[PDB]
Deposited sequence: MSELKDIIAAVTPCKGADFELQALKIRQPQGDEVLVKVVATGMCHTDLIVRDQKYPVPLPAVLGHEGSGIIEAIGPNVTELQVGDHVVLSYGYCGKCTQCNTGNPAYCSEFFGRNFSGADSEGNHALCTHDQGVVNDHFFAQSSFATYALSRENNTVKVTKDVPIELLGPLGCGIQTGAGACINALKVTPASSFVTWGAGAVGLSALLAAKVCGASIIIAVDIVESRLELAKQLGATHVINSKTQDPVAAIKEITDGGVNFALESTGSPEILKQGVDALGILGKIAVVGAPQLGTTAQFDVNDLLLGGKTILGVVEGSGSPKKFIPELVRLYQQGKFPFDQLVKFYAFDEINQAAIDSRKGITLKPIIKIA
């Protein structure tokens, strides 16, 4: 086995602290990865604060990128030295995995959120296997189906975030909603998820692209990214503004705040036959409201989306190619921090000055 450094979250709300640990060699179709850098997402934070019961203590991080250092014996599609992006955790044998919907895997809450493996064994010597990677560390063990080979022609430290927040936002528009050329789209919330979606609606051809938030600097960045219209929902009624701008209501929408009352607003601002995709979440158990009659008479659709609905092994490489061509500049949401500044990376994202932090590890 091997010794490594990893950031541990010791208890409800505790700060990340660096600790010395050990990781074993890979078996079956497992992969041993040398981590270069790992993105930081809202979800790592909500788990520390236990608004989700991942058992503590544990090693979090779910947006890793690195270099393969060792493959197991049944590994056939990856070799030592490949550059990879580590995405969420799926079984690939159930009904949803066999029909091209891994995000809906009947083992989704157990492979990413349990805190362990299939038996209760941990691969780190302390709970691990978080989103099947536990990547706030120098070394990570993943599975072949969640390890995505990417090109060596792009700096590898910048691509971790594609395994979660960027695919989630871009995917909601491309795979789930399917925005069409010449249509109107709006993103509720202008964080890294929303702005990823805004960049993808640009790629789909939409003619009207709107962003709604409460922090002014996030609204200025949206506009610089190509939002045709920006709206401050603290100072303006957003429903009324969206309806006048789109002459009746928007064709496509994204809810990324997780706020219930903003979510009703989002269903109300849809036009006839409009669709709203739901990616943000409130506390376990919260409900939201919608006006019945307005949804039934408008023929409106309300739909739930996990990780953008695609197949990551297919979609992740498509986003890297769109970026190399100059059509999807997600590198503009990023700011790099040192490993010993990981607690400061959390703070900046919560106050809104940093859209997408990336913990440099190697």
Worksheet, complete the sentence: Gaps relative to the deposited sequence fall at 1 to 3, 129 to 134
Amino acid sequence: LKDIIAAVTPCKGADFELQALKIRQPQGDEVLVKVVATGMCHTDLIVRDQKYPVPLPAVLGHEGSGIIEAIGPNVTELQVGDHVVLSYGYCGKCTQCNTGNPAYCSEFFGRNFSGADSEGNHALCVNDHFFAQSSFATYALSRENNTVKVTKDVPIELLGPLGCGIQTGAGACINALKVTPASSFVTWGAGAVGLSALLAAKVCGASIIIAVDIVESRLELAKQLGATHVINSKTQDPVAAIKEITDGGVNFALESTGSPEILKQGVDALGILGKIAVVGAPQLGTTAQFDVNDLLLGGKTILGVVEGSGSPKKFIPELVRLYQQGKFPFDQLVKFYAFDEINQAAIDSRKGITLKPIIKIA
From here on, numbers count along this sequence of modelled residues.
Worksheet, complete the sentence: Avg C-alpha B-factor, entry values, 104 to 112 vs 184 to 192, higher side is 104 to 112
Worksheet entry | 215 to 223 versus 116 to 124 - which carries the larger mean C-alpha B factor in the record | 116 to 124
Worksheet item: At the C-alpha atoms, which of 334, 319, 54, 33 reaches the highest B-factor in this entry?
Response: 54
Response to the item:
Per the deposited B-factor column, the C-alpha that peaks among 305, 70, 297, 37 belongs to 70
Fill in: residue 313 - which third its CA temperature factor falls in, relative to the rest of the chain
lowest
Worksheet, complete the sentence: Chain-relative C-alpha B factor for residue 283 (record values, thirds): the highest
Item to complete: Could you look up the Cα B-factor of residue 50 in the entry and say which third of the chain it sits in: lowest, middle or highest?
Response: highest
Worksheet item: For residue 78, does the deposited CA B-factor place it in the lowest, middle or highest third of the chain?
Response: highest
Fill in: Chain third (lowest, middle, highest) by recorded CA B-factor, residue given as residue 61
lowest
